[PDB]
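Novice: one piece of my complex first, more on the way:
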Amino acid sequence: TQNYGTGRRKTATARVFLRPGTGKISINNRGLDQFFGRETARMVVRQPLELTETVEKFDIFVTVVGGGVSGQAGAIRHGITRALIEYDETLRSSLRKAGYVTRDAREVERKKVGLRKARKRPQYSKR
Amino acid sequence: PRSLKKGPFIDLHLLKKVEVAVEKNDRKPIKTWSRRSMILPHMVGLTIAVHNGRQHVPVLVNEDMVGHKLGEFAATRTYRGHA
Amino acid sequence: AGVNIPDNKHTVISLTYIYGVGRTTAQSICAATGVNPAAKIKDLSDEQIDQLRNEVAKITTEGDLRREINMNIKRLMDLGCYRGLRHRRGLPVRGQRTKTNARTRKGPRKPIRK
Amino acid sequence: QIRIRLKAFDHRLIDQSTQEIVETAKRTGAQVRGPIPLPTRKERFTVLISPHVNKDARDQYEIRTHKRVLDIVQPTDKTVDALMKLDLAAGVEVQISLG
Amino acid sequence: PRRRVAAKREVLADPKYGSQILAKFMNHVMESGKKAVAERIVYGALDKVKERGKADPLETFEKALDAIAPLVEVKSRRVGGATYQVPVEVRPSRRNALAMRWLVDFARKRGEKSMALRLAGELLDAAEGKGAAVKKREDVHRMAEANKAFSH
Amino acid sequence: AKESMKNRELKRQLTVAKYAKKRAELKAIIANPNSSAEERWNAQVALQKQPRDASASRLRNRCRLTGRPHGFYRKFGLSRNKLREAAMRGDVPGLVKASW
């Protein structure tokens, strides 16, 4: 059975497998809270699952590579959205209204010559 | 500073001109250019004229300069004063 | 109470003030001579101030340390070596910038002529 | 069980060489997996262009190195040992291992 | 901008309370991207408010912002030879921004053990108006009547 | 980039390369913990025997066409203001302009 999804965000790539269950939630074979330490990451992961009142309807097994905690949380959200829509293909409109399937295309801007940061410049005294 | 793996450092011709010197007591300053060489307590009392850039300044060695190099007792920049 | 020690402070911090002890050797004295670092020196018993006095008198402090640094400084000066002259004028001795930014060894700006 | 490693500067030559060697190996009776591509090394250089003082005027150049891997299952015909002059022509370097 | 094509992004990521103003206050108190630090500081402040204040802390929060928001704002315009000031009604969206900024910048200047209980102190003071933020609000308000002559 | 100066760095290259072995042996014996102070000291004397113009520190690499002491790229052999000239003509293999 089961379904699959992939979520990418902020150089973070996550794979999600969805099976029947009640939402044990395993992050690289680890407890959800043992991974997400004192942050909203748990809630942002649970956002799309709870938007469709299916928190206890499924069990989730995921893995994550690359990026920071916020990027991995966003990747989990996107991946579980793409996995859930693969099961109940009538809620695509609901997620489109919620704007969860849409990927975040923002990415770090490269540094350029003559500048300190990607856009910061020196002070420019005129005399 | 130089590691403990190497105790002294002396110009070899300086070593030969000091070791041969001690056969007789202090009678003439010894002319030297290598400011880098260490000085041990075995040329104490000898007067060494160390090169400074335009002249050989003579300095009389004592026992209380074993741990300081030849160049420390010769100044190369004058700075007589702004006014 | 040592030599003009403060109170209401942890043992190591209080010990640090005696000019010859910092964070490391204060911790060593605190651990060796059995005392609680958490316990404030105010509530420490008289059984420990004598031990701390022994530890303080063991190494160095105050007058001897001032005298030996001053002896070293005059030792450098009287010979006439480069470092001695550098410390004589008050200019930096390690060899930092003197064209500018050598302020802590010159004082205020002291503008020209007047 | 031999493995062939290909180094190149531009992918245009390396793709042609890999296709040629794969076709020859499959035609001669050998068994060959799928050409494996490796991450391409990118060497970055930045150089002043003015002959005198202009620090903000740079030029950035890049050297790309492409890596390919192949394997031969059931080695039956060593005809590839008579074709190096043809398999590698101008800018492709070929290494053969585990003969 | 002369073009006026710059649209605005919408942020709503309340972790547990599920409100709107709370997140914007989070951003206001957030410094150098320390979002979790802001989380814990503001939540400790709100816990102190909840233990001190009998009712829920969110309506106390909105009441406090109700007493800090300035109704009108004065803004200097130069007539071409004299430096005047002109009172204008504040944009409805701008009221919340001024409220949040003033409350944060005034909670920053107490001087007690931390700014969590500072934020609590000015949150309760602004709940009826004995703080310093309300002092600046009423001063700016009274400057309008002080300059009602021009208005137009 | 006077040609006498290029000559006197090339001669430095030969002088450095022509020993290439006494330096290694002497320094290895010096750095060997179990060699006795006598073999420390004679090795120091031996190192001080040979001319100073033998070490790699005295060797300042230079452009192979102009000899500019500054602006060097050791992946190539050219200077700052000849690498670009050769690259724009396509002489350097696999060199292009980068954007990413």
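Specialist: Received the coordinates, thanks. Residues are numbered from 1 along each chain as shown, chains lettered A, B, ... in the order given.

Novice: Tell me where the chain has helices.
Specialist: As the question left the chain open, I've gone with chain A. Applying DSSP state H to chain A gives helices spanning A:32-35, A:41-51, A:69-85, A:92-98.

Novice: look at chain E instead
Specialist: Assigned by DSSP H, the helices in chain E fall at E:21-29, E:35-52, E:57-66, E:92-107, E:115-126, E:133-146.

Novice: who wins for proximity to chain B among those?
Specialist: Chain B sits nearest to helix E:35-52 of all the helices of chain E, at 46.5 Å, using Cβ to the nearest Cβ. Bear in mind the C-beta positions are built from the backbone N, C-alpha and C, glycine included.

Novice: hey, C-alpha coordinates of that closest one in CSV?
Specialist: This file holds the C-alpha atoms of helix E:35-52, laid out as CSV (Å, rounded to 0.1, in the frame of the first residue of the first chain):
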residue,chain,number,x,y,z
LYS,E,35,13.0,34.4,16.7
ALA,E,36,13.1,31.7,19.4
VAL,E,37,14.6,34.2,21.9
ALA,E,38,11.7,36.5,21.1
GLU,E,39,9.3,33.5,21.6
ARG,E,40,10.5,32.7,25.0
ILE,E,41,10.9,36.3,26.2
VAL,E,42,7.4,37.4,25.1
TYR,E,43,5.8,34.2,26.4
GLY,E,44,7.4,34.6,29.8
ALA,E,45,6.1,38.2,29.8
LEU,E,46,2.7,37.0,28.9
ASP,E,47,2.8,34.3,31.6
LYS,E,48,3.6,37.0,34.2
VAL,E,49,0.7,39.1,32.8
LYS,E,50,-1.6,36.1,33.1
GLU,E,51,-0.6,35.3,36.7
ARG,E,52,-0.9,39.0,37.7
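
Novice: does that helix come close to chain A?
Specialist: Yes. Contact of helix E:35-52 with chain A (Cβ under 8 Å from any Cβ of the partner chain) involves E:36, E:39, E:40.

Novice: Give the burial count for the second one, as a bare number.
Specialist: Put plainly, it is residue E:39. Using other Cβ atoms under 10 Å in any protein chain shown, residue E:39 is surrounded by 17 other residues.

Novice: From chain F, how far out is it?
Specialist: From residue E:39 across to chain F, the span is 37 Å (Cβ to the nearest Cβ, to the nearest Å).

Novice: and if you look at residue A:114?
Specialist: Relative to chain F, residue A:114 is positioned 16 Å away (criterion: Cβ to the nearest Cβ).

Novice: got it, and residue E:61?
Specialist: Per Cβ to the nearest Cβ, residue E:61 is found 48 Å from chain F.

Novice: Return the residues of chain C in contact with chain D.
Specialist: Within reach of chain D by Cβ under 8 Å from any Cβ, chain C has no residues at all.

Novice: And the closest residue to chain D within chain B, how close does it get to residue B:54?
Specialist: Closest to chain D within chain B is residue B:77: 29.9 Å, counting by Cβ to the nearest Cβ. The gap separating residue B:77 from residue B:54 is 12 Å, by Cβ to Cβ, to the nearest Å.

Novice: try residue F:54
Specialist: 30 Å.

Novice: build in RNA strand G:
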RNA sequence: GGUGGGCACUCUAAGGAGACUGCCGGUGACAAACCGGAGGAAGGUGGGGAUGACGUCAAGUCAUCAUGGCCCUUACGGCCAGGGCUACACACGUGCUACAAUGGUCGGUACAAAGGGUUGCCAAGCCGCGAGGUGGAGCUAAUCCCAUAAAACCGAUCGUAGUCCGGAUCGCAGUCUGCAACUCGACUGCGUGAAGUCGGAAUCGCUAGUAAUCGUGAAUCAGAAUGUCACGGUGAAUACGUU
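Specialist: Below, RNA strand G sits with the chains from the block before:
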């Protein structure tokens, strides 16, 4: 994933599809176009880069190079030892660190990207508080090494004091490369501990992964980066308007 094994997935790298105001509504001189909507990962040149017209400033470079003239030829040409370019009553530009409690310490703790390495990286082990030393493994490298990210989170402590802040300066003792660390190197150990209480006239950078803040890598190079170039972590506020 350690093993047998698989071609599911991530990923790596080649070739393609896709975004073209394409469809619907209104405005519009029934034109160009504008304002909305649906779908879609992406919507209005999607984001960033490379790309710099005719010419101006007798703009910069004769010292990278080449070249018309002029100049010296026992010297303005060559070689070698030391010294200086790191000097110091002052002034200015560009930066780093702070003046603290959204902090400083202590314990264990989770997640990056990019890159360099066979005249090289240099592991395990052992000896040192320590910078390091012996040792010799693996690697021509998605295979071995550099290499443990940090800010973040939890608990304990300090209680706003020029201080469990801040580190300049200085004294003593050391490690390492180098023929050689005085002039004139980088780090390490103990101790000393300054100015600094957020900065006048004036002035600067920035519109979304932006500012701010946190760490990592490469070039030059025996050694020497708060500089240059490059990569990711967290991550805002504001724009009514053109006098």
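
Novice: now that RNA strand G has been added, could you go back to the neighbour count of residue E:39?
Specialist: By other Cβ under 10 Å, 17 other residues sit near residue E:39.

Novice: Could you pull up the residues touching it?
Specialist: A:39, A:40, E:15, E:26 (Cβ atoms under 8 Å, 6 or more residues apart in numbering or on different chains).

Novice: What are the phi and psi values at the spatially most central residue of chain B?
Specialist: Centroid check for chain B by Cα atoms, centre = their mean gives residue B:70 as the closest residue, at 3.5 Å. Torsion angles at residue B:70 (phi, psi; degrees, to the nearest 10) stand at phi -70, psi -40.

Novice: So it is in contact with residue B:37, correct?
Specialist: Yes. Assessed by Cβ atoms under 8 Å, residue B:70 is found in contact with residue B:37 at 5.3 Å.

Novice: Among the contacts of residue E:39, which one has the most neighbours?
Specialist: With neighbours defined as other Cβ under 10 Å, the most crowded of the contacts of residue E:39 is residue E:26; it has 20 neighbours.

Novice: Contacts only, for that residue.
Specialist: Counting by Cβ under 8 Å, 6+ apart, residue E:26 touches E:35, E:38, E:39, E:42.

Novice: right, quick check: the top strand by length along chain D against chain A, any contact?
Specialist: Longest strand in chain D, counting residues (DSSP state E): strand D:58-73. Yes. Judged by Cβ under 8 Å from any Cβ, strand D:58-73 and chain A are in contact via D:58, D:60.

Novice: helix or strand for the residue nearest the centre of chain F, which one?
Specialist: Centroid check for chain F by Cα atoms, centre = their mean gives residue F:59 as the closest residue, at 4.1 Å. Taking DSSP states H and E as the definition, residue F:59 sits outside all helices and strands.

Novice: Please determine how far it is located from residue D:59.
Specialist: Counting by Cβ to Cβ - residue F:59 and residue D:59 are separated by 29 Å.

Novice: What residues does residue 44 make contact with?
Specialist: Reading this off chain A. Each residue near residue A:44 by Cβ under 8 Å, 6+ apart is listed here: A:73, A:74, A:77, E:13.

Novice: please go with chain E instead
Specialist: Counting by Cβ under 8 Å, 6+ apart, residue E:44 makes contact with residue E:116.

Novice: Pull up the gap between it and RNA strand G, please.
Specialist: In this view, residue E:44 and RNA strand G are 9 Å apart by Cβ to the nearest atom of the strand, to the nearest Å.

Novice: how close does the residue nearest to residue E:23 when sequence neighbours are not counted sit to residue E:34?
Specialist: In this structure, residue E:23 finds its nearest non-sequential neighbour in residue E:14, 5.3 Å apart by Cβ to Cβ, 6 or more residues apart in numbering or on different chains. Going from residue E:14 to residue E:34 by Cβ to Cβ gives 18 Å.

Novice: The two - which one has more neighbours?
Specialist: Using other Cβ under 10 Å, the more surrounded residue of residue E:14 and residue E:34 is residue E:14, with 15 against 12.

Novice: any idea which helix or strand carries the residue in chain B that chain E sits nearest to?
Specialist: Residue of chain B nearest chain E, by Cβ to the nearest Cβ: residue B:1 (43.2 Å). For residue B:1, there is no host helix or strand (DSSP H and E).
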